[PDB]
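Some notes on the structure that comes next.
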Amino acid sequence: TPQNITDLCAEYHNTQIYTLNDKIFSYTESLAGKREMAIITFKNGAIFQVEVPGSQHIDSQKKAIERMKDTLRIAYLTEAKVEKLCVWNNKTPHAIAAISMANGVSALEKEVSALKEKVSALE
Amino acid sequence: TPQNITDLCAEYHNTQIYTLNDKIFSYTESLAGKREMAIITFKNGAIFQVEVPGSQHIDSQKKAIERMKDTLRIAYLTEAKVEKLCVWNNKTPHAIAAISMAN
Amino acid sequence: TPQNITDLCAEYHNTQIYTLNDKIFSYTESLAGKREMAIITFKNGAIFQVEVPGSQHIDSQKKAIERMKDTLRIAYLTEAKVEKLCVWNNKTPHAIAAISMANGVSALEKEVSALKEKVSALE
Amino acid sequence: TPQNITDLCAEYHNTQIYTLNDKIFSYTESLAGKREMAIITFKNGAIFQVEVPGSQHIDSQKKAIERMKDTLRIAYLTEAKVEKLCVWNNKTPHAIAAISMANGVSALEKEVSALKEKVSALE
Amino acid sequence: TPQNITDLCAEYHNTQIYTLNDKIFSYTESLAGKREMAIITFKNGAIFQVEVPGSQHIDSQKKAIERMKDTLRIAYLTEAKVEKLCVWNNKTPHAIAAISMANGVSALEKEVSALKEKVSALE
Amino acid sequence: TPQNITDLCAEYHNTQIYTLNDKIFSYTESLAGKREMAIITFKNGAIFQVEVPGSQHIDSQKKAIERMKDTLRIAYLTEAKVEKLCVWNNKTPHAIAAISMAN
Amino acid sequence: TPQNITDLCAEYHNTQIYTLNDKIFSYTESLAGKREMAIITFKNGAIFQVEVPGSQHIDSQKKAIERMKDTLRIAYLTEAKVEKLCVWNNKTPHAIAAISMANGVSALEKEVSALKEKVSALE
Amino acid sequence: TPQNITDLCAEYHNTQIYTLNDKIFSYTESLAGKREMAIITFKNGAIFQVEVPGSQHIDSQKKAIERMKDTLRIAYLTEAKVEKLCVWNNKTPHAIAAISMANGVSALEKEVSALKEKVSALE
Amino acid sequence: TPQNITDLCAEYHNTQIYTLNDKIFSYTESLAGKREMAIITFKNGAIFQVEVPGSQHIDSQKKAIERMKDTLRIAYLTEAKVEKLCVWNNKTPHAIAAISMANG
Amino acid sequence: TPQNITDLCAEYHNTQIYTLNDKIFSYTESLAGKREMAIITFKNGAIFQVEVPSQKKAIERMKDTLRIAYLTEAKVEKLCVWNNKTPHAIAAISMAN
């Protein structure tokens, strides 16, 4: 089994890693017949879909497709930084196979950066 | 496959885009028999429904109808700006087909 | 199709609107056999149930009953103001048929917003 | 139908109310075979389970058992005060039948306590 | 029935406890065929999977596997401290069987709560 | 005669409307033999060509092909918002038949 | 020889003047076979074409048809106010025969700009 | 049923909305045989007819055609602002299908209402 | 016979009173085939129709439907305050059954 | 058909991409007999020509493009050029903002 999104992506044909290290700029979701899909965009202009469930998906993927749309919605609403997407590049928009989320800047490191902006203003 | 909500909307008859760039003013949900629906309003007076699941929906839409109501509830509670709604204008209130959210 | 909770409520026998414009005071939930239910209270003493799923519910209501309990829990935890409840008054406690949530700025909350504009101008 | 957790608890044999008026100290969850369960602890040392679904549960309880675990997880993560648990005391750990969460200390009452500290310092 | 994650872990072959007392550093999820899985990492370099559902899982574990992925996602997004993981050490990465989450207010988090009380009093 | 780009587009086989409501991200032009063409891109990754003049064009189109390339160049340089493109989806990149610009 | 667009328009059958004193709202141009045309719209809903070159045009018009499309494009892109169009009303959309551009500050608009300079000087 | 003139107009082929926000400049009416019609003009040069009844009208439209001519006459005589016209653009002049009247206070009409409040305060 | 619009409204199924105490904001009328109708709006966003004459109308209503459209037009043009509308709420927009105007 | 200037350039033997991401520093044009040409330079020191002559129209278009790019200070992203000419001769140009 792979230990990271890059190794996972390399197990499939017609995939590539996009490194975004950015939050999602827009979240679109449709319930229209044969377009039951999600689309996300990033500030850099990159567009990605979760595909409509279809004949190219095996039964095991059905729950994971629904989970991916839940993940993208809550990621968008919490402004979570997306590290990488593994996508199928034979679809337009490119179709999400996997997502990694990583921050960098530690939990109380955002309250230490804010008491360094309030501390270099008073004394 | 369409790349944005406007192109998606243009694939259906009786639809139009509303551009709101505003958070939801009110969220209403009903479990009453034959009215298992949601209604959202905006400060500008615009009213929209997620339709009762029915004979005009194909099986693939059932999960997406439930997802749309989850999306509208969490959008309301987080005050997320709605950019655009694609709606059917042959229903009263106009019925949501798609939503875009942008900060 | 009705356009608001008041018109929706008027389509049923044995219903009434309560206007609360208040957050939920208490949330109670049970997994005990034949009492798989939720109960909410308001400061004013109003008590409401989501009924145990049963013989008086049609199949289309099963998901909506589960959704209503999700809505009440997240409303309670976020202190969301409930605007109106449509309830069946032939049940004890009164049984929820529908809920509306709106940001209806409270009575003394307009005099607290005006002593925050007069207080952030003097000192 | 009972109107509160105390009346609900009194409808079952081998139950008791614990009053905690405290947030959950720990949340534990297992996917291990025959131990698909949750355990919560409180600072006072109290330990409670949501039981593994089993032959002592009726079909109606299946969804409510899953809902209880969702409720305990979101309560833990939001630090919501648990008021009371109704539990079966013939199980070890004691098994959750119902939960109440209660609010009280008012919304704009924290902004009125803070404009009484800022108002008795300037003028 | 066990009362904590350590006793639960000792009931299975090929398991061990890792004590992290740290939030999740990265969350990865895949909908790709035969890799419908999650991977979490910690700052200390530890990598863990939620396994692809398969022939080694009994029916009761299906829901608990889906719950574990929901728990890891919301834990990542809220920066919840993970206390312990019970894992199968015959898988690579080690496969999660159970998770415990406990508050314990962090080391320098008591000196950050005290430089927020001394910083909101002077300037 | 059609009154808008969408009605114009519907008079041809193998065409579709893309709604961009965005300025052009890149303008490419080539004088290389058998590739005397222009390519525009948008931020969203959409790529469109003005085709090399060829056997599939009638004489009346020659001037309009040259005009389209002038329009795309001045639109790019002024950052004018493109509303819609009517394109042939039979070609890769999709080939521009018409453009609308709206404020 | 006519002295202005209104005199020019009166020399043709089936023509009329539209006074817009407004910039072009939209510019549409097509290279599609048999639709080598331009369409402009104004905010007020008026739609106008430059006709496809055809059997109703004399050779002298060919260059002027190409010039009109250049004029409409540069007028659109510079937001130049169109004063008047002379159009054929026997075509749908109405077909442009001539255009006048003047940046015309309206009749009583010069006496309203002068009673705003005399009114923001007294009180 | 449509809720405004724009939605009504979109239900017909060969129609468009003109937004005038202006009173009628001229009203023309004829009782001459086969020309029993009305023509209105606006300052901007727009010309519109109510068609002679016969040819292409169903019986239910006869009263509505007579009503439209009454509406245009009283609108002209009262200088009522016409907001929008829905017209058939396959007729010359364009033929009225519907009219909206709204009192949308013109651009420099808000600066003329404000130099009437500043002029009835000084002298 | 009822003595006011509220009592009149209560004699019909699917009706309700709207109290506007405001002049009409917009008046729309159509002569288009199968849409021979009027629409009025108020500043508060309320939208009402006079329905297309149809199979749901009895012969006695034909003249009253034409009268209602005359009333709404002259009310709009004189800025007369509308007190109440009795409307059918099973139509979209809600369909006018009666109107009261009070000078006060 | 190629979808970008780099793929277009790779279809020809004597060509290479220069990445400038800079506006044109100088624009020179000549109407002199047998030297009806344009020369552009970049701050970098790079010099490029549009060679002296349906490619007829494209040669004229390229000179129009270089002139309006110079006058608007538009950033040139890439040039595809023939490296068997001195100065190197422009085959294609990409502009990105």
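Chain labels run A, B, ... following the order of the structure tokens; each chain numbers its residues from 1, and ligands are numbered from 1 in the order shown.
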
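When chain D is laid over chain C and all C-alpha atoms are paired one by one, the RMSD comes to 3.5 Å.
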
Taking only C-alpha atoms into account, report as a ChimeraX atom specification which residues of chain H lie within 12 Å of chain G.
/H:6,14-22,41-48,83-94,107-123

Compare F:62, F:67, F:43, F:84 by their minimum atom-to-atom distance to chain A, counting only C-alpha atoms, and give me the closest one.
F:43

Separation of atom CA of residue 104 of chain E from atom CA of residue 37 of chain D, in Å and rounded to one decimal:
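These two atoms are separated by 22.8 Å.
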
Please identify which residues in chain J DSSP calls strand (DSSP E or B) from the backbone, and express them as an mmCIF file with C-alpha atoms, in the first residue's frame.
```
data_model
loop_
_atom_site.group_PDB
_atom_site.id
_atom_site.type_symbol
_atom_site.label_atom_id
_atom_site.label_comp_id
_atom_site.auth_asym_id
_atom_site.auth_seq_id
_atom_site.Cartn_x
_atom_site.Cartn_y
_atom_site.Cartn_z
ATOM 1 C CA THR J 15 13.667 26.414 -33.809
ATOM 2 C CA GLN J 16 13.981 27.134 -30.078
ATOM 3 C CA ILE J 17 11.892 28.794 -27.326
ATOM 4 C CA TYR J 18 13.239 31.914 -25.567
ATOM 5 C CA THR J 19 11.377 32.695 -22.308
ATOM 6 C CA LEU J 20 11.571 36.485 -21.731
ATOM 7 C CA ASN J 21 8.649 37.307 -19.317
ATOM 8 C CA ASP J 22 9.488 40.964 -20.121
ATOM 9 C CA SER J 26 13.013 48.541 -28.557
ATOM 10 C CA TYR J 27 10.986 48.317 -31.802
ATOM 11 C CA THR J 28 12.681 49.075 -35.168
ATOM 12 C CA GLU J 29 10.947 48.965 -38.579
ATOM 13 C CA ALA J 38 11.158 44.615 -37.954
ATOM 14 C CA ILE J 39 13.745 44.181 -35.151
ATOM 15 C CA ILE J 40 12.844 43.966 -31.434
ATOM 16 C CA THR J 41 15.270 43.962 -28.476
ATOM 17 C CA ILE J 47 17.660 40.715 -30.581
ATOM 18 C CA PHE J 48 14.974 39.194 -32.883
ATOM 19 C CA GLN J 49 13.763 39.969 -36.441
ATOM 20 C CA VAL J 50 10.592 39.452 -38.406
ATOM 21 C CA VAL J 76 6.161 38.819 -23.876
ATOM 22 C CA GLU J 77 6.164 35.336 -22.289
ATOM 23 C CA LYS J 78 7.889 33.265 -25.039
ATOM 24 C CA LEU J 79 9.224 33.597 -28.589
ATOM 25 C CA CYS J 80 9.580 30.595 -30.903
ATOM 26 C CA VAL J 81 12.454 31.553 -33.289
ATOM 27 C CA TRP J 82 14.505 30.084 -36.148
ATOM 28 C CA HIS J 88 17.038 34.825 -34.816
ATOM 29 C CA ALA J 89 13.750 35.090 -36.776
ATOM 30 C CA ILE J 90 10.335 35.064 -35.021
ATOM 31 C CA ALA J 91 7.993 32.122 -35.867
ATOM 32 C CA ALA J 92 5.588 32.651 -32.913
ATOM 33 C CA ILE J 93 4.955 34.821 -29.816
ATOM 34 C CA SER J 94 3.023 34.178 -26.573
ATOM 35 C CA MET J 95 1.881 36.976 -24.221
ATOM 36 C CA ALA J 96 0.663 36.229 -20.659
#
```

Residues of chain I no more than 10 Å from chain H, counting only C-alpha atoms: send them over as a PDB file with N, CA, C and O atoms, in the first residue's frame.
```
ATOM      1  N   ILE I  24     -49.684  51.003  -5.433  1.00  0.00           N
ATOM      2  CA  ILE I  24     -49.068  49.992  -6.329  1.00  0.00           C
ATOM      3  C   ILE I  24     -47.730  50.536  -6.807  1.00  0.00           C
ATOM      4  O   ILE I  24     -47.692  51.686  -7.277  1.00  0.00           O
ATOM      5  N   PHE I  25     -46.684  49.728  -6.722  1.00  0.00           N
ATOM      6  CA  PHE I  25     -45.332  50.074  -7.208  1.00  0.00           C
ATOM      7  C   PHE I  25     -45.243  49.852  -8.727  1.00  0.00           C
ATOM      8  O   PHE I  25     -44.640  50.693  -9.405  1.00  0.00           O
ATOM      9  N   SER I  26     -45.763  48.743  -9.257  1.00  0.00           N
ATOM     10  CA  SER I  26     -45.732  48.519 -10.724  1.00  0.00           C
ATOM     11  C   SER I  26     -47.019  47.856 -11.214  1.00  0.00           C
ATOM     12  O   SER I  26     -47.638  47.074 -10.476  1.00  0.00           O
ATOM     13  N   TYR I  27     -47.367  48.197 -12.450  1.00  0.00           N
ATOM     14  CA  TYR I  27     -48.525  47.669 -13.203  1.00  0.00           C
ATOM     15  C   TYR I  27     -47.982  47.125 -14.531  1.00  0.00           C
ATOM     16  O   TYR I  27     -47.311  47.865 -15.265  1.00  0.00           O
ATOM     17  N   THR I  28     -48.261  45.850 -14.796  1.00  0.00           N
ATOM     18  CA  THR I  28     -47.865  45.151 -16.033  1.00  0.00           C
ATOM     19  C   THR I  28     -49.119  44.596 -16.686  1.00  0.00           C
ATOM     20  O   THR I  28     -49.965  44.001 -15.954  1.00  0.00           O
ATOM     21  N   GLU I  29     -49.251  44.770 -18.006  1.00  0.00           N
ATOM     22  CA  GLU I  29     -50.384  44.118 -18.712  1.00  0.00           C
ATOM     23  C   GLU I  29     -49.883  43.545 -20.037  1.00  0.00           C
ATOM     24  O   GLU I  29     -48.941  44.123 -20.647  1.00  0.00           O
ATOM     25  N   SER I  30     -50.459  42.408 -20.409  1.00  0.00           N
ATOM     26  CA  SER I  30     -50.091  41.618 -21.585  1.00  0.00           C
ATOM     27  C   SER I  30     -51.322  41.360 -22.443  1.00  0.00           C
ATOM     28  O   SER I  30     -52.367  40.993 -21.884  1.00  0.00           O
ATOM     29  N   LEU I  31     -51.169  41.488 -23.753  1.00  0.00           N
ATOM     30  CA  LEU I  31     -52.179  41.074 -24.745  1.00  0.00           C
ATOM     31  C   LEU I  31     -51.701  39.828 -25.488  1.00  0.00           C
ATOM     32  O   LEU I  31     -52.425  39.422 -26.408  1.00  0.00           O
ATOM     33  N   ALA I  32     -50.576  39.217 -25.091  1.00  0.00           N
ATOM     34  CA  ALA I  32     -50.029  38.033 -25.776  1.00  0.00           C
ATOM     35  C   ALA I  32     -50.966  36.834 -25.596  1.00  0.00           C
ATOM     36  O   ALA I  32     -51.513  36.657 -24.498  1.00  0.00           O
ATOM     37  N   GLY I  33     -51.123  36.018 -26.632  1.00  0.00           N
ATOM     38  CA  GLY I  33     -52.038  34.877 -26.687  1.00  0.00           C
ATOM     39  C   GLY I  33     -51.814  33.951 -25.520  1.00  0.00           C
ATOM     40  O   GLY I  33     -50.673  33.507 -25.334  1.00  0.00           O
ATOM     41  N   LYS I  34     -52.881  33.683 -24.754  1.00  0.00           N
ATOM     42  CA  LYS I  34     -52.913  32.782 -23.573  1.00  0.00           C
ATOM     43  C   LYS I  34     -52.236  33.428 -22.368  1.00  0.00           C
ATOM     44  O   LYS I  34     -52.126  32.744 -21.365  1.00  0.00           O
ATOM     45  N   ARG I  35     -51.794  34.678 -22.472  1.00  0.00           N
ATOM     46  CA  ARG I  35     -51.255  35.446 -21.317  1.00  0.00           C
ATOM     47  C   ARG I  35     -51.925  36.816 -21.236  1.00  0.00           C
ATOM     48  O   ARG I  35     -51.215  37.793 -20.969  1.00  0.00           O
ATOM     49  N   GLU I  36     -53.238  36.872 -21.477  1.00  0.00           N
ATOM     50  CA  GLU I  36     -53.999  38.142 -21.423  1.00  0.00           C
ATOM     51  C   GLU I  36     -54.257  38.420 -19.942  1.00  0.00           C
ATOM     52  O   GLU I  36     -55.283  38.028 -19.441  1.00  0.00           O
ATOM     53  N   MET I  37     -53.274  38.993 -19.261  1.00  0.00           N
ATOM     54  CA  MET I  37     -53.239  39.067 -17.784  1.00  0.00           C
ATOM     55  C   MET I  37     -52.668  40.423 -17.339  1.00  0.00           C
ATOM     56  O   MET I  37     -52.119  41.151 -18.149  1.00  0.00           O
ATOM     57  N   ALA I  38     -52.819  40.723 -16.069  1.00  0.00           N
ATOM     58  CA  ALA I  38     -52.199  41.864 -15.388  1.00  0.00           C
ATOM     59  C   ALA I  38     -51.406  41.360 -14.186  1.00  0.00           C
ATOM     60  O   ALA I  38     -51.795  40.354 -13.606  1.00  0.00           O
ATOM     61  N   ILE I  39     -50.305  42.038 -13.892  1.00  0.00           N
ATOM     62  CA  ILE I  39     -49.462  41.774 -12.698  1.00  0.00           C
ATOM     63  C   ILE I  39     -49.226  43.112 -11.999  1.00  0.00           C
ATOM     64  O   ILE I  39     -48.860  44.078 -12.702  1.00  0.00           O
ATOM     65  N   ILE I  40     -49.462  43.168 -10.699  1.00  0.00           N
ATOM     66  CA  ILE I  40     -49.087  44.354  -9.876  1.00  0.00           C
ATOM     67  C   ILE I  40     -48.048  43.926  -8.848  1.00  0.00           C
ATOM     68  O   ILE I  40     -48.065  42.744  -8.420  1.00  0.00           O
ATOM     69  N   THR I  41     -47.153  44.848  -8.509  1.00  0.00           N
ATOM     70  CA  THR I  41     -46.166  44.658  -7.410  1.00  0.00           C
ATOM     71  C   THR I  41     -46.271  45.827  -6.432  1.00  0.00           C
ATOM     72  O   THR I  41     -46.792  46.901  -6.808  1.00  0.00           O
ATOM     73  N   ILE I  47     -46.179  40.333  -5.148  1.00  0.00           N
ATOM     74  CA  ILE I  47     -46.560  40.215  -6.582  1.00  0.00           C
ATOM     75  C   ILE I  47     -47.939  39.543  -6.637  1.00  0.00           C
ATOM     76  O   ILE I  47     -48.132  38.512  -5.988  1.00  0.00           O
ATOM     77  N   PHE I  48     -48.854  40.102  -7.432  1.00  0.00           N
ATOM     78  CA  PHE I  48     -50.221  39.565  -7.609  1.00  0.00           C
ATOM     79  C   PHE I  48     -50.599  39.636  -9.088  1.00  0.00           C
ATOM     80  O   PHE I  48     -50.142  40.558  -9.812  1.00  0.00           O
ATOM     81  N   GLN I  49     -51.412  38.680  -9.534  1.00  0.00           N
ATOM     82  CA  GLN I  49     -51.936  38.630 -10.920  1.00  0.00           C
ATOM     83  C   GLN I  49     -53.453  38.815 -10.907  1.00  0.00           C
ATOM     84  O   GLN I  49     -54.112  38.481  -9.891  1.00  0.00           O
ATOM     85  N   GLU I  51     -55.761  36.724 -13.147  1.00  0.00           N
ATOM     86  CA  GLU I  51     -55.643  35.538 -14.028  1.00  0.00           C
ATOM     87  C   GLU I  51     -56.203  35.796 -15.424  1.00  0.00           C
ATOM     88  O   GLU I  51     -57.174  36.551 -15.575  1.00  0.00           O
ATOM     89  N   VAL I  52     -55.563  35.162 -16.395  1.00  0.00           N
ATOM     90  CA  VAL I  52     -56.106  34.897 -17.748  1.00  0.00           C
ATOM     91  C   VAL I  52     -57.522  34.344 -17.598  1.00  0.00           C
ATOM     92  O   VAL I  52     -57.711  33.391 -16.870  1.00  0.00           O
ATOM     93  N   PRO I  53     -58.553  34.891 -18.265  1.00  0.00           N
ATOM     94  CA  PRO I  53     -59.884  34.272 -18.261  1.00  0.00           C
ATOM     95  C   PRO I  53     -59.808  32.848 -18.828  1.00  0.00           C
ATOM     96  O   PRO I  53     -59.149  32.635 -19.801  1.00  0.00           O
ATOM     97  N   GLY I  54     -60.480  31.908 -18.183  1.00  0.00           N
ATOM     98  CA  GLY I  54     -60.311  30.480 -18.471  1.00  0.00           C
ATOM     99  C   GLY I  54     -61.457  29.625 -17.986  1.00  0.00           C
ATOM    100  O   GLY I  54     -62.496  30.192 -17.529  1.00  0.00           O
ATOM    101  N   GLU I  66     -62.424  41.927 -16.209  1.00  0.00           N
ATOM    102  CA  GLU I  66     -62.082  43.136 -16.999  1.00  0.00           C
ATOM    103  C   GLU I  66     -62.152  44.357 -16.095  1.00  0.00           C
ATOM    104  O   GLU I  66     -61.250  45.220 -16.208  1.00  0.00           O
ATOM    105  N   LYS I  69     -59.030  44.721 -13.816  1.00  0.00           N
ATOM    106  CA  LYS I  69     -57.831  45.234 -14.524  1.00  0.00           C
ATOM    107  C   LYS I  69     -57.969  46.738 -14.731  1.00  0.00           C
ATOM    108  O   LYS I  69     -56.954  47.438 -14.557  1.00  0.00           O
ATOM    109  N   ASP I  70     -59.164  47.232 -15.052  1.00  0.00           N
ATOM    110  CA  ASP I  70     -59.401  48.695 -15.152  1.00  0.00           C
ATOM    111  C   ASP I  70     -59.105  49.329 -13.779  1.00  0.00           C
ATOM    112  O   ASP I  70     -58.481  50.386 -13.743  1.00  0.00           O
ATOM    113  N   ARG I  73     -55.295  49.505 -12.994  1.00  0.00           N
ATOM    114  CA  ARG I  73     -54.609  50.500 -13.847  1.00  0.00           C
ATOM    115  C   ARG I  73     -54.856  51.914 -13.294  1.00  0.00           C
ATOM    116  O   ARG I  73     -53.869  52.649 -13.102  1.00  0.00           O
ATOM    117  N   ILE I  74     -56.112  52.297 -13.053  1.00  0.00           N
ATOM    118  CA  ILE I  74     -56.464  53.680 -12.597  1.00  0.00           C
ATOM    119  C   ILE I  74     -55.933  53.866 -11.150  1.00  0.00           C
ATOM    120  O   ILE I  74     -55.423  54.961 -10.824  1.00  0.00           O
ATOM    121  N   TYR I  76     -53.160  52.452  -9.950  1.00  0.00           N
ATOM    122  CA  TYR I  76     -51.709  52.672 -10.155  1.00  0.00           C
ATOM    123  C   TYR I  76     -51.479  54.126 -10.580  1.00  0.00           C
ATOM    124  O   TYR I  76     -50.603  54.789 -10.021  1.00  0.00           O
ATOM    125  N   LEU I  77     -52.220  54.611 -11.572  1.00  0.00           N
ATOM    126  CA  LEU I  77     -51.934  55.925 -12.208  1.00  0.00           C
ATOM    127  C   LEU I  77     -52.287  57.054 -11.225  1.00  0.00           C
ATOM    128  O   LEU I  77     -51.624  58.074 -11.307  1.00  0.00           O
ATOM    129  N   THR I  78     -53.241  56.875 -10.304  1.00  0.00           N
ATOM    130  CA  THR I  78     -53.635  57.914  -9.313  1.00  0.00           C
ATOM    131  C   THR I  78     -52.890  57.722  -7.990  1.00  0.00           C
ATOM    132  O   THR I  78     -53.102  58.527  -7.098  1.00  0.00           O
ATOM    133  N   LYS I  91     -52.371  29.765  -6.550  1.00  0.00           N
ATOM    134  CA  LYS I  91     -51.833  30.240  -7.846  1.00  0.00           C
ATOM    135  C   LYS I  91     -50.540  30.986  -7.590  1.00  0.00           C
ATOM    136  O   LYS I  91     -50.395  31.556  -6.508  1.00  0.00           O
ATOM    137  N   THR I  92     -49.662  31.021  -8.578  1.00  0.00           N
ATOM    138  CA  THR I  92     -48.373  31.741  -8.533  1.00  0.00           C
ATOM    139  C   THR I  92     -48.255  32.603  -9.790  1.00  0.00           C
ATOM    140  O   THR I  92     -48.215  32.079 -10.891  1.00  0.00           O
ATOM    141  N   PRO I  93     -48.208  33.946  -9.716  1.00  0.00           N
ATOM    142  CA  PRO I  93     -48.395  34.691  -8.477  1.00  0.00           C
ATOM    143  C   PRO I  93     -49.793  34.455  -7.916  1.00  0.00           C
ATOM    144  O   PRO I  93     -50.654  34.088  -8.651  1.00  0.00           O
ATOM    145  N   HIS I  94     -49.987  34.754  -6.638  1.00  0.00           N
ATOM    146  CA  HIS I  94     -51.311  34.765  -5.998  1.00  0.00           C
ATOM    147  C   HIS I  94     -52.252  35.597  -6.866  1.00  0.00           C
ATOM    148  O   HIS I  94     -51.828  36.635  -7.367  1.00  0.00           O
TER     149      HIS I  94
END
```

Report, in Å to a single decimal, how far apart atom CA of residue 10 of chain G and atom CA of residue 25 of chain H are.
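These two atoms are separated by 20.4 Å.
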
Proximity of chain F to chain J: per-residue shortest pair, 10 Å limit, only C-alpha atoms, as CSV:
```
residue,atom,partner,partner_atom,distance
F:24,CA,J:96,CA,8.8
F:25,CA,J:96,CA,5.9
F:26,CA,J:96,CA,4.5
F:27,CA,J:95,CA,5.4
F:28,CA,J:94,CA,4.2
F:29,CA,J:92,CA,5.6
F:30,CA,J:92,CA,4.1
F:31,CA,J:58,CA,4.9
F:32,CA,J:91,CA,5.3
F:33,CA,J:55,CA,6.6
F:34,CA,J:55,CA,8.3
F:35,CA,J:8,CA,8.0
F:36,CA,J:58,CA,6.2
F:37,CA,J:58,CA,8.4
F:38,CA,J:92,CA,9.5
F:39,CA,J:3,CA,7.1
F:40,CA,J:4,CA,9.0
F:41,CA,J:4,CA,9.1
F:47,CA,J:3,CA,6.9
F:48,CA,J:3,CA,8.1
F:49,CA,J:3,CA,8.1
F:51,CA,J:1,CA,9.2
F:52,CA,J:54,CA,9.0
F:53,CA,J:54,CA,7.8
F:54,CA,J:54,CA,9.8
F:66,CA,J:57,CA,8.7
F:69,CA,J:61,CA,9.1
F:70,CA,J:61,CA,8.7
F:73,CA,J:65,CA,7.8
F:74,CA,J:68,CA,8.9
F:76,CA,J:95,CA,8.9
F:77,CA,J:74,CA,7.2
F:78,CA,J:72,CA,9.1
F:79,CA,J:97,CA,9.3
F:91,CA,J:1,CA,8.6
F:92,CA,J:1,CA,6.6
F:93,CA,J:3,CA,6.2
F:94,CA,J:3,CA,9.9
```

Those in chain H with helix (DSSP H, G or I) from DSSP, as JSON, numbers by chain:
{"H": [5, 6, 7, 8, 9, 61, 62, 63, 64, 65, 66, 67, 68, 69, 70, 71, 72, 73, 74, 75, 76, 77, 78, 109, 110, 111, 112, 119, 120, 121, 122]}

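Going from atom CA of residue 10 of chain F to atom CA of residue 87 of chain F covers 10.8 Å.
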
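The smallest atom-to-atom distance between chain F and any of A:51, A:31, A:40, A:72, using only C-alpha atoms, is found for A:40.
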
List the spatial neighbours of residue 14 of chain B as a ChimeraX atom specification - criterion: any atom at most 8 Å away, only C-alpha atoms, same-chain residues fewer than 2 positions off excluded.
/B:12,16,88-90

How about saving the chosen residues, N, CA, C and O atoms kept, as an mmCIF file, in the first residue's frame?
```
data_model
loop_
_atom_site.group_PDB
_atom_site.id
_atom_site.type_symbol
_atom_site.label_atom_id
_atom_site.label_comp_id
_atom_site.auth_asym_id
_atom_site.auth_seq_id
_atom_site.Cartn_x
_atom_site.Cartn_y
_atom_site.Cartn_z
ATOM 1 N N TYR B 12 -29.812 22.813 -19.540
ATOM 2 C CA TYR B 12 -31.208 22.494 -19.174
ATOM 3 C C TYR B 12 -32.157 23.560 -19.719
ATOM 4 O O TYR B 12 -31.805 24.730 -19.797
ATOM 5 N N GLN B 16 -32.301 29.416 -15.130
ATOM 6 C CA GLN B 16 -31.573 30.704 -15.191
ATOM 7 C C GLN B 16 -30.640 30.775 -13.990
ATOM 8 O O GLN B 16 -30.846 30.066 -13.000
ATOM 9 N N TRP B 88 -34.557 26.195 -11.686
ATOM 10 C CA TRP B 88 -35.687 25.985 -12.618
ATOM 11 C C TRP B 88 -36.700 27.093 -12.345
ATOM 12 O O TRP B 88 -37.141 27.215 -11.200
ATOM 13 N N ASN B 89 -37.043 27.868 -13.369
ATOM 14 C CA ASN B 89 -37.984 29.002 -13.257
ATOM 15 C C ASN B 89 -39.396 28.565 -13.590
ATOM 16 O O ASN B 89 -40.286 29.416 -13.500
ATOM 17 N N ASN B 90 -39.622 27.281 -13.890
ATOM 18 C CA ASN B 90 -40.998 26.728 -14.073
ATOM 19 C C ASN B 90 -41.562 26.198 -12.754
ATOM 20 O O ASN B 90 -42.591 25.559 -12.801
#
```

Please, which residues in chain F fall within 6 Å of chain G when counting only C-alpha atoms, and what is the closest atom pair and distance in Å to one decimal for each, ordered by chain then residue number, as JSON lines?
```
{"residue": "F:61", "atom": "CA", "partner": "G:31", "partner_atom": "CA", "distance": 5.7}
{"residue": "F:64", "atom": "CA", "partner": "G:31", "partner_atom": "CA", "distance": 4.7}
{"residue": "F:65", "atom": "CA", "partner": "G:31", "partner_atom": "CA", "distance": 5.9}
{"residue": "F:97", "atom": "CA", "partner": "G:32", "partner_atom": "CA", "distance": 5.2}
{"residue": "F:98", "atom": "CA", "partner": "G:30", "partner_atom": "CA", "distance": 4.1}
{"residue": "F:99", "atom": "CA", "partner": "G:29", "partner_atom": "CA", "distance": 5.6}
{"residue": "F:100", "atom": "CA", "partner": "G:28", "partner_atom": "CA", "distance": 4.1}
{"residue": "F:101", "atom": "CA", "partner": "G:27", "partner_atom": "CA", "distance": 5.3}
{"residue": "F:102", "atom": "CA", "partner": "G:26", "partner_atom": "CA", "distance": 4.5}
```
